[PDB]
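One structure below.
Naming convention: chains lettered A, B, ... in sequence-line order (proteins, then strands); numbering from 1 in each chain.
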Amino acid sequence: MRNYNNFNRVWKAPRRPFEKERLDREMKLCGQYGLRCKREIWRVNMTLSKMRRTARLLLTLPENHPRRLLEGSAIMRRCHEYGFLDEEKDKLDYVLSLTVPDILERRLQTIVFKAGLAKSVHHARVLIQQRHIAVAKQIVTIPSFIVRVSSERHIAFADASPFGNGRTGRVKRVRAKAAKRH
Amino acid sequence: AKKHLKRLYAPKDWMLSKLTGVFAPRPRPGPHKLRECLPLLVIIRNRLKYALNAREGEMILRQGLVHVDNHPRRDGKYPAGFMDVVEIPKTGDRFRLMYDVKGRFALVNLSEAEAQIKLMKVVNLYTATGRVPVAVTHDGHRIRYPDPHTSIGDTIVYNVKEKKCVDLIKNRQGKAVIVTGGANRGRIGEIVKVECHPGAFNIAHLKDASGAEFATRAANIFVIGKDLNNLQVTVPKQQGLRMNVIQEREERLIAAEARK
Amino acid sequence: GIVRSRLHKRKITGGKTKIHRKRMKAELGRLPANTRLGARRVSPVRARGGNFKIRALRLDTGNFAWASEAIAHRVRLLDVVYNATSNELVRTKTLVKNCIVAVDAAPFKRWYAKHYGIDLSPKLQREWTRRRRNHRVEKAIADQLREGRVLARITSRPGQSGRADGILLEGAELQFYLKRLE
Amino acid sequence: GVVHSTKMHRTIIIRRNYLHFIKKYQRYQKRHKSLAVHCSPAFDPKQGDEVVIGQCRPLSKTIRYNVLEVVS
RNA sequence: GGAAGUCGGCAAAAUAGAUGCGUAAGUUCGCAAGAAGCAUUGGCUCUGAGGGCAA
RNA sequence: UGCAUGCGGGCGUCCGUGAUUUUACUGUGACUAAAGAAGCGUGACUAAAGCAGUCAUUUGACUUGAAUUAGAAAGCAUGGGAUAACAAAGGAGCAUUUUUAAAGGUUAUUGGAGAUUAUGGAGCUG
RNA sequence: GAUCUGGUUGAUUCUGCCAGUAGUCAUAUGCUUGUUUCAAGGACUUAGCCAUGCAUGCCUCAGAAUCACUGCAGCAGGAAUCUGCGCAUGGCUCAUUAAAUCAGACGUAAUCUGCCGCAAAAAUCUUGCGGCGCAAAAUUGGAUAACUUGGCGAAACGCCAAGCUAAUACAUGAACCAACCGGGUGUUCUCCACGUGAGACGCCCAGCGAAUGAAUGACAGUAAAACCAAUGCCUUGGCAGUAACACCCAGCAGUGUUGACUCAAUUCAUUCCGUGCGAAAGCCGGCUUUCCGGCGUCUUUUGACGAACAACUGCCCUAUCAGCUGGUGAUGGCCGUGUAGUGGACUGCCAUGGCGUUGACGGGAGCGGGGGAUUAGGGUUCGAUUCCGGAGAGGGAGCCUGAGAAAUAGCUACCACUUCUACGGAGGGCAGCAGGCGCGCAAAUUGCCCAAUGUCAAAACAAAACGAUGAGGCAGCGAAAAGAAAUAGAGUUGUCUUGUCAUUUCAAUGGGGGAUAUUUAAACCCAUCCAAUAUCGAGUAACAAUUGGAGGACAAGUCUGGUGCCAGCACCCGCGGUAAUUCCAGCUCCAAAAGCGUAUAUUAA
Ligand SMILES: [K+]
Ligand SMILES: [K+]
Ligand SMILES: [K+]
Ligand SMILES: [K+]
Ligand SMILES: [K+]
Ligand SMILES: [K+]
Ligand SMILES: [Mg+2]
Ligand SMILES: [Mg+2]
Ligand SMILES: [Mg+2]
Ligand SMILES: [Mg+2]
Ligand SMILES: [Mg+2]
Ligand SMILES: [Mg+2]
Ligand SMILES: [Mg+2]
Ligand SMILES: [Mg+2]
Ligand SMILES: [Mg+2]
Ligand SMILES: [Mg+2]
Ligand SMILES: [Mg+2]
Ligand SMILES: [Mg+2]
Ligand SMILES: [Mg+2]
Ligand SMILES: [Mg+2]
Ligand SMILES: [Mg+2]
Ligand SMILES: [Mg+2]
Ligand SMILES: [Mg+2]
Ligand SMILES: [Mg+2]
Ligand SMILES: [Mg+2]
Ligand SMILES: [Mg+2]
Ligand SMILES: [Mg+2]
Ligand SMILES: [Mg+2]
Ligand SMILES: [Mg+2]
Ligand SMILES: [Mg+2]
Ligand SMILES: [Mg+2]
Ligand SMILES: [Mg+2]
Ligand SMILES: [Mg+2]
Ligand SMILES: [Mg+2]
Ligand SMILES: [Mg+2]
Ligand SMILES: [Mg+2]
Ligand SMILES: [Mg+2]
Ligand SMILES: [Mg+2]
Ligand SMILES: [Mg+2]
Ligand SMILES: [Mg+2]
Ligand SMILES: [Mg+2]
Ligand SMILES: [Mg+2]
Ligand SMILES: [Mg+2]
Ligand SMILES: [Mg+2]
């Protein structure tokens with residue numbers, strides 16, 4: 001009562017629950033990017049649908065429309081900043097060509113694996129959730145963290161991590177305590 | 001009747017966060033309208049940051065440390081409004097409540113010898129007992145012998161000390177004007193013409209410094225000078241010129257990148 | 001109690017309004033004064049805003065004006081002789097606004113004598129002559145003054161202000177009520 | 001409005017005809033409103049005449065307007 | 001108290017004038033209907049309304 | 001406190017007289033509480049959020065930010081007049097100007113103010 | 001993502017529904033839940049009934065203390081009580097309600113308006129002493145609480161009598177200092193006249209507000225002269241001028257506002273009772289008829305906060321609802337009454353109006369929006385519920401006080417229900433917060449706190465010295481809903497490039513246990529850490545994921561047992577009568593996943 005903290009959904013279920021083409025394609029993405037559940041794909045689907053819905057509305061307007069100029073600039077700025085689109089493509093029409101792998105390639109889990117800090121995408125997932133990856137000296141434990149292009153060079157092992165410049169992990173520490181007792 | 005003011009129902013210009021509380025300080029009756037004022041508690045706490053909460057605001061205000069129009073105001077629900085001079089002599093603060101070009105309250109720092117001067121717009125003229133002419137201003141002042149040339153809509157230049165009128169600015173074409181209501185609140189332009197509609201709202205057509213045309217109702221304008229160059233008051237940073245939204249966004253992005 | 005609201009009234013369509021609130025103090029009415037001739041009896045009424053209305057139950061004298069002379073005098077009310085609302089108000093000697101009453105004519109005769117020097121200091125003699133020059137008096141008014149009773153119209157509201165002021169009938173209005181009083 | 005009835009004393013009924021737009025069907029309806037208007041004896045309007053009416057204080061149960069001008 | 005009387009409310013009791021509201025099933029639409037019911041009535045002193053004939 | 005006063009046309013302000021044109025539509029503009037919906041900016045670890053905050057790193061900057069929108073119909077001002085609407089008429093049911101002179105029949109100005117007069121303007125006819 | 005699929009036939013092509021499908025801050029129910037963030041939460045049915053407790057009080061330097069109150073030695077603090085303000089806000093709920101309420105847009109010149117802002121104020125023969133005179137910083141009066149005494153009563157948010165004493169309670173009352181202005185007058189007196197005369201002096205009145213009359217509250221389409229009485233001038237007969245005005249004021253309003261006014265305001269006459277008007281006859285501070293400041297109050301006035309009224313356009317279904325209104329108001333008129341004010345709001349009289357198929361009247365379901373869901377678009381649907389508006393406090397009515405109530409943790413009465421009692425009598429109103437009981441498919445703690453947000457108020461905070469607040473906040477409960485996110489990761493060798501299987505080796509991390517601590521009003525969560533000299537912990541990582549399915553729609557078995565048109569499944573088509581792709585099981589597989597089914601509504605389809 002009298003609480004005005006807003007909240008909204010970030011994903012939707014597919015209209016057809018059992019479509020073999022969609023099931024196989026989503027199984028490919030889950031295995032390829034190490035996703036926990038289909039909800040992560042559907043969250044990406046909603047993000048894309050909102051971006052394309054915005055783009056389609058703007059592309060309807062005349063090219064000199066002030067709203068198209070302002071929001072079209074913002075949409076392109078966001079896509080370039082987060083790495084969804086390359087800097088070569090600057091027209092609003094290229095937002096409509098974005099696909100699910102484009103966003104999934106920008107997740108911290110994929111970026112960590114591609115950067116060589118992890119042997120696999122599954123190794124990357126556990127490294128992130130175990131407080132081993134830092135973006136600009138900030139520990140990030142969210143696999144779905146979308147990495148900006150500017151922050152991509154600042155990804156490394158956390159200074160407080162055993163793999164960075166921190167103390168030894170649990171198994172080494174417990175082994176040392178057992179050795180001291182023994 | 002009504003003693004409370006829900007924070008959602010409070011004016012948005014007060015910059016009160018919806019999650020901080022259910023209520024807002026309800027302005028008392030006074031110089032300014034409830035919808036067109038800024039209560040002292042908001043000024044001393046949410047804007048000047050001198051008080052961290054309402055308890056400290058009461059400490060400051062009920063001591064008489066805050067002067068409005070050269071008078072100690074001990075009520076945090078006192079409605080301060082447009083052209084009011086706020087002084088805190090112990091900290092050397094002197095502000096005038098103005099509207100920025102976005103229609104929000106701005107605290108314009110005042111020097112000495114100009115915090116003594118307040119511009120008041122004449123809203124009504126009448127005759128009191130003994131056949132004395134009285135001019136009622138936008139801030140509730142009643143002046144018992146104004147300039148004989150004073151008309152409704154004119155601005156009286158007033159000295160808060162000595163309680164004396166010092167000048168009169170008439171509401172005519174070509175005069176500098178600031179808008180105190182509507183979508184154009186805070187903008188400054190010259191009166192190119194006034195469209196008169198008897199029994200209804202008169203329309204004033206204005207032209208800012210850049211040459212852009214805009215219009216408001218005649219009740220929303222406030223004569224502030226002979227011309228745009230000669231203003232009798234000190235205005236905020238934007239000088240009343242509304243920048244293009246797209247141009248403003250690009251400039252802010254460039255400035256942010258420059259600091260980075 | 002007594003209500004001045006329109007809720008109980010039929011709509012212009014003849015419909016019965018379904019009242020869905022209780023009676024309010026703001027829409028109240030009160031019983032009439034029914035002021036009658038007699039020794040002055042007055043009852044205050046605390047009205048809205050804390051102000052007082054003077055409900056006159058009985059009145060005997062009043063401040064009556066001679067319009068053509070721009071003067072007034074406090075004279076005694078002799079009888080009420082006509083009432084445009086009902087004959088039963090004349091019969092009960094009820095004083096309301098616009099009812100025709102007979103008032104004492106002695107003060108008006110005295111003022112006329114002392115102002116114009118006419119019965120119905122040499123400087124005052126010249127003053128009388130100057131006042132008479134352009135002055136003319138209606139014969140109907142003068143005839144009534146000689147008789148001792150003049151007809152006047154009540155111009156105040158006794159049930160509101162508690163006083164019965166009035167104005168002497170002159171000209172066409174005097175002839176109108178003289179016809180309706182034979 | 002246009003004078004509709006002059007049967008009362010010093011009072012007339014005028015009718016204001018207008019088109020109301022129905023959004024769903026993108027079309028209009030013909031609608032009317034009837035007003036009781038006090039008519040001063042300075043005017044002698046007949047049924048079908050167009051008049052200009054101004055808002056005044058409540059003069060009766062239904063009268064809120066006064067005739068200001070008559071156009072034949 | 002109120003039909004327990006008696007074959008049976010027989011006999012008696014009861015209702016009543018005028019005026020204003022109001023009046024159900026059914027009906028051949030005419031009625032049913034004075035349906036049923038609910039109110040008011042005196043005396044006195046007044047006030048309105050309802051006309052004729054002349055100039 | 002005379003301490004005062006001076007070195008032919010077009011405006012804009014208010015009155016008085018003089019034949020009358022709106023509305024729908026469309027473009028601009030006003031006037032329109034928030035919350036909610038779009039949306040700018042912002043690595044609250046991300047996000048749902050929030051309107052915060054950011055940067056120097058000696059006591060403070062950013063004369064910090066919190067932009068903009070949409071919101072039914074109806075009401076308000078103004079521009080356009082194609083398509084339409086409302087009203088009127090029903091066509092004999094109808095309608096010249098300008099010079100001049102002469103004839104007739106309760107205004108300023110006379111130093112105010114109160115009568116009285118006459119003189120002309122100006123209209124009214126011929 | 002502007003989408004469809006199964007079932008009518010021996011096959012075909014249609015129409016057409018049934019069924020399937022996705023969402024819902026839509027609820028309920030079942031099964032299952034390791035973290036973490038954010039949240040709805042007795043609306044639906046019974047505006048049903050309620051035990052108990054708490055929800056509105058307020059004191060500064062600055063209204064009134066002689067507590068027979070406490071410290072110090074008159075100074076402080078001061079329980080009670082009178083006085084002043086508030087309790088008409090907030091909170092709750094959605095029963096009533098369709099020319100109503102409400103929304104946007106207007107109006108009140110038809111009105112009221114405490115607290116708050118800016119202002120205004122010259123009426124009002126009072127006091128002391130003496131005997132009308134003399135003087136002046138006005139040294140005013142009577143009560144009543146608390147308290148004491150006696151008490152009454154079973155009690156009662158029940159009472160009586162007597163005795164004390166306060167005021168910013170109540171009442172009374174202030175001359176001169178102290179002005180300007182105007183109207184009546186006198187058989188007053190001085191002058192000029194030979195009276196539209198001029199002066200004084202005397203006398204009645206002349207303040208704000210209110211009442212009734214009378215004026216003003218402007219002008220804004222014609223130029224010239226003559227004569228008469230009064231009168232201004234220049235001059236000693238004229239008309240050059242020229243604000244106005246018979247001094248003491250030679251300019252001390254010839255000029256309010258609006259679109260509009262019978263309004264503002266001014267002048268004249270008369271009136272003003274108690275139902276108006278103190279410099280509260282007030283209280284505190286500093287510097288010392290000492291004068292400076294602070295705030296407190298009466299009255300007048302207009303801004304502000306409001307209140308009340310009016311209504312331009314709009315607002316569901318229903319004709320198996322077609323007429324409605326008008327004794328006793330329906331539509332309009334007149335004079336009144338009443339109101340704060342307009343008004344058929346109401347008395348009297350008058351006239352027949354007024355509304356309705358463009359749906360009146362009646363009936364049905366509904367609080368109204370802002371907004372929610374769903375949505376290519378158009379639409380459909382929900383809105384008891386945070387904000388705004390309205391309305392109510394068991395059901396009706398009525399009312400006092402007050403600026404504001406037709407108030408309900410105010411009063412009065414009746415009805416229903418109900419509590420205490422000593423039988424004579426006295427009480428009650430949770431649709432406030434917790435809690436019960438019922439009702440139901442259906443909805444939490446008789447918790448902590450005023451730390452924040454506000455409200456009230458004699459009030460900044462502090463100092464012997466902490467205002468109240470179930471508004472509100474914080475926790476508990478809470479898979480309504482929303483966000484993030486664990487249940488493992490890297491290899492080794494062997495076996496059957498990748499990929500299975502066994503074992504076999506490394507690290508890592510939380511769930512959890514704790515803390516020098518942090519947070520917090522205090523706690524609790526979340527964050528930080530497992531030495532900084534110095535700090536616990538996974539291998540079956542038993543720290544063990546579920547919910548539905550496997551003929552088709554629709555992803556996934558022609559598997560193995562059992563049953564044998566039985567049991568049962570099956571939203572629909574259908575399966576089951578001994579070799580069941582469908583039941584009951586096992587295994588394996590499929591879908592979603594800390595979630596997944598079911599029912600009922602609703603949107604799409
Ligand atoms: K004290
Ligand atoms: K309406
Ligand atoms: K008057
Ligand atoms: K009337
Ligand atoms: K508090
Ligand atoms: K089998
Ligand atoms: Mg107006
Ligand atoms: Mg007679
Ligand atoms: Mg009987
Ligand atoms: Mg028998
Ligand atoms: Mg027998
Ligand atoms: Mg018989
Ligand atoms: Mg019948
Ligand atoms: Mg019968
Ligand atoms: Mg009968
Ligand atoms: Mg928002
Ligand atoms: Mg067939
Ligand atoms: Mg078949
Ligand atoms: Mg066959
Ligand atoms: Mg944890
Ligand atoms: Mg925990
Ligand atoms: Mg009291
Ligand atoms: Mg209340
Ligand atoms: Mg309330
Ligand atoms: Mg006085
Ligand atoms: Mg007044
Ligand atoms: Mg009829
Ligand atoms: Mg009236
Ligand atoms: Mg929602
Ligand atoms: Mg609602
Ligand atoms: Mg309900
Ligand atoms: Mg609730
Ligand atoms: Mg109520
Ligand atoms: Mg009540
Ligand atoms: Mg209660
Ligand atoms: Mg009750
Ligand atoms: Mg409760
Ligand atoms: Mg539940
Ligand atoms: Mg609460
Ligand atoms: Mg832990
Ligand atoms: Mg917490
Ligand atoms: Mg299949
Ligand atoms: Mg078998
Ligand atoms: Mg969960």
With a 3.5 Å cut-off and just heavy-atom distances, do the side chain of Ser60(D) and the base of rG344(G) make a donor-acceptor pair? no
Would you please confirm or rule out a distance under 4.0 Å between OP1 or OP2 of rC45(F) and any side-chain N or O of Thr141(A)? no
With a 3.5 Å cut-off on both distances, are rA198(G) and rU290(G) a Watson-Crick or G-U wobble pair? no
Does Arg46(C) get its side chain close enough to the base of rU275(G), under 3.5 Å, for a donor-acceptor pair? no
Would you indicate, yes or no, if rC530(G) has its OP1 or OP2 atom less than 4.0 angstrom from a side-chain nitrogen or oxygen of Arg173(A)? no
Show your working on side chain to side chain contact (heavy atoms under 4.5 Å, CB included) between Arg10(D) and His38(D) and close with a plain yes or no. CA-CA 6 Å; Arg10(D) 282 181 171 174; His38(D) 178 83; 4.0 Å; yes
Under a 4.0 Å N-O cut-off, is there an ion pair linking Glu71(A) with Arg67(A)? yes
Residue-phosphate contact under 4.0 Å: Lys16(C) side-chain N/O, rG362(G) OP1/OP2: no
Check whether the side chain of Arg40(C) and the base of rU271(G) form a donor-acceptor pair under 3.5 Å. no
Whole-Å P distance, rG354(G) and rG370(G): 38 Å
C1' spacing across the pair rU318(G) / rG16(G), given as an integer number of angstrom: 30 Å
Where along nucleotides 106-118 of chain G does protein come under 4.0 Å, by heavy atom, of base (B) or sugar-phosphate alone (S), with - for untouched nucleotides? S---B-SSBBBBB
When syn is taken as a glycosidic angle within 90 degrees of 0, is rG20(E) syn or anti? anti
Is the CZ atom of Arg21(C) crowded by more than 12 outside heavy atoms at less than 6.0 Å? yes
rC102(G) to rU96(G) separation - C1' atoms, rounded to the nearest Å: 16 Å
With sugar-phosphate meaning primed atoms plus P, OP1 and OP2, does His197(B) contact a base, only sugar-phosphate, or nothing at under 4.0 Å between heavy atoms? sugar-phosphate
Tell me whether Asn202(B) contacts the main-chain N or O of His197(B) through its side chain, where contact means a donor paired with an acceptor under 3.5 Å. yes
Contact under 4.0 Å: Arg23(C) side-chain N or O vs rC399(G) OP1/OP2: no
Please confirm whether the backbone N or O of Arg52(A) pairs with a side-chain atom of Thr54(A), one donor and one acceptor, at under 3.5 Å? no
Euclidean distance for P, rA211(G) against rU337(G) (whole angstrom): 15 Å
Donor-acceptor pair (no angle test) under 3.5 Å: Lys30(D) side chain, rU358(G) base: yes
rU15(G) versus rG1(G) - spacing of their P atoms, nearest Å: 30 Å
Quick one: which of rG356(G), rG1(G), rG338(G) gets closest to the side chain of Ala33(C)? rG338(G)
Summarise protein proximity over nucleotides 262-269 of chain G in one line of letters, 5' to 3': B for base, S for sugar-phosphate only, - for none, counting protein heavy atoms closer than 4.0 Å. --BSS--B
Out of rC40(F), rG314(G), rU46(F), which nucleotide sits closest to the side chain of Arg31(D)? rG314(G)
Please determine whether any donor N or O and acceptor N or O are separated by less than 3.5 Å between the side chain of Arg252(B) and the base of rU64(F). no
Answer yes if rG447(G) and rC474(G) form a Watson-Crick or G-U wobble pair with both distances under 3.5 Å, and no otherwise. yes
Would you tell me if any nitrogen or oxygen in the side chain of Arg35(B) comes within less than 4.0 Å of OP1 or OP2 on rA33(F)? no
Around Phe21(D), counting heavy atoms of other residues, nucleotides and ligands shown, do more than 12 lie under 6.0 Å from its CZ? yes
Atom pair NZ/NZ of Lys61(D) and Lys11(C) - distance to nearest 0.5 Å: 10.5 Å
Counting only side-chain nitrogens and oxygens, does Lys18(B) get under 4.0 Å of the OP1 or OP2 atom of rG50(F)? yes
Inter-nucleotide P distance (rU58(F), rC31(F)), Å rounded: 49 Å
Report yes if a side-chain nitrogen or oxygen of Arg55(C) is closer than 4.0 Å to either non-bridging phosphate oxygen (OP1 or OP2) of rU339(G); otherwise report no. yes
Classify the side chain of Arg7(B) versus the base of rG454(G) as yes if they form a donor-acceptor pair under 3.5 Å and no if they do not. no
For nucleotides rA594(G) and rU588(G), find the distance between their P atoms and express it as a whole number of Å. 24 Å
May I ask you to check whether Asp139(B) and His141(B) show a side-chain donor-acceptor distance below 3.5 Å? yes
Would one find a side-chain N or O of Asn184(B) under 4.0 angstrom from OP1 or OP2 of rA30(F)? yes
Using a 3.5 Å distance criterion without hydrogens, assess whether the side chain of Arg23(C) forms a donor-acceptor pair with backbone atoms of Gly1(C). yes
Centroid distance under 5.5 Å and plane angle under 30°, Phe7(A) vs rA482(G): no
Stem segments of RNA chain F by first residue number [Watson-Crick or G-U, under 3.5 Å, at least 3]: F:25-29 with F:76-80
Which value, in whole Å, describes the distance between the P atoms of nucleotides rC477(G) and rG368(G)? 37 Å
Does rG356(G) have OP1 or OP2 sitting under 4.0 Å from an N or O in the side chain of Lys11(C)? no
I want to check one thing: is the phosphate of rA61(F), taken as OP1 and OP2, less than 4.0 Å away from some side-chain N or O of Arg259(B)? no
Give a yes/no on whether any side-chain N or O of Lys22(C) is located under 4.0 angstrom from OP1 or OP2 of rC399(G). no
Does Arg131(A) make a side-chain donor-acceptor contact with the base of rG510(G), cut-off 3.5 Å? no
How would you label the glycosidic angle of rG489(G): syn (within 90° of 0) or anti? anti
Rounded to whole Å, please give me the gap between CZ in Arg6(C) and P in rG354(G). 18 Å
Does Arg9(A) make a side-chain N or O approach to OP1 or OP2 of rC38(G) shorter than 4.0 Å? no
With both distances required to be under 3.5 Å, indicate if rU13(G) and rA122(G) make a Watson-Crick or G-U pair. no
Glycosidic conformation of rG199(G), syn or anti, with 90° from 0 as the boundary? anti
Stacked, yes or no: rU36(G) with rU37(G), six-ring centres under 5.5 Å, planes under 30°? yes
Hey, is the side chain of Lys61(D) poking within less than 4.0 Å of OP1 or OP2 on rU331(G), counting only N and O atoms? yes
Let's see if you can work this out: which of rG354(G), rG483(G), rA340(G) has an atom nearest to the side-chain heavy atoms of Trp11(A)? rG483(G)
Ignoring hydrogens and angles, are the base of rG390(G) and the side chain of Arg21(C) linked by a donor-acceptor pair under 3.5 Å? no
May I ask you to verify whether the side chain of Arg157(C) and the base of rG338(G) hold a donor-acceptor pair under 3.5 Å? yes
Phosphate contact (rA486(G) OP1 or OP2) by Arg125(A) side-chain N/O below 4.0 Å: yes
Polar pair under 3.5 Å, donor/acceptor by atom type, side chain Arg39(A), base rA592(G): no
